[PDB]
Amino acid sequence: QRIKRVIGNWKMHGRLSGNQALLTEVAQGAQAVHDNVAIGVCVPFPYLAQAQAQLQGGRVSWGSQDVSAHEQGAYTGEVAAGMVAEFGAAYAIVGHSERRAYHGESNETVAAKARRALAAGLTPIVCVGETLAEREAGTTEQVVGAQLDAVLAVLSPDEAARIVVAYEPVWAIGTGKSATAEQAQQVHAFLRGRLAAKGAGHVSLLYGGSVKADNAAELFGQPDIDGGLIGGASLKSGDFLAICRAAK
């Protein structure tokens, strides 16, 4: 029995007063979700203090959407895992496809980010995923395998047991193709096998493609999908809670 999780990635959205509305609604609605679902939100850096003040003591966790590969130094604009941790955050997303694409983050850089998260007392949500070109070239397993291996290679098994992994079907996001639950399960089963070989087979594997209120039950019903890293639906409390309830 592995941990079920529904974690919202707000991405670059939110201002103080809209954040307070979403956070109150989610905290109030979360009381009605089955108690085995770990619910969390990852907010933009400046609002970590707000998320703490509003959610502290409740069942909703919070986190950042990135952390630096280093603990300190001449890295203008970057935020250290140690900084995020001081606001009682539980999570840090590392290696999101948007950052691998737009910021050029390599497999090895993501591995360093995972380690920094752990060292600071956060649970890293380690994102992996292949592009359309990669999938059509038949290299899905080589790619997401190399991404995950790079992270596992710098951790002991006991450290690896503490991560979360998220699969993003980048090939189905704004390309004209779409993913089925079965196609998701196929990659999750592959990733589960790599985790087991490391001795981290119990780690939560979250689906990070398009998750909406109408498809959550089908996706989360798959045997190796333990929940979701939710995009746009995480911005409207009704949709987000609907998704949280489907993870029972």
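One-based numbering along the sequence shown.
The stretch 138-146 shows the higher mean C-alpha B-factor when 138-146 is compared against 68-76 in the entry.
Higher mean CA temperature factor between 32-40 and 46-54: 32-40, per the PDB entry. Residue 233: CA B factor lies in the middle third for its chain, per the PDB record.
Per-chain ranking of the deposited C-alpha B factor places residue 199 in the highest third. When the CA B factors of the chain's modelled residues are split into thirds, the value for residue 23 lands in the highest one. The entry lists a Cα temperature factor for residue 223 that places it in the highest third of the chain's modelled residues.
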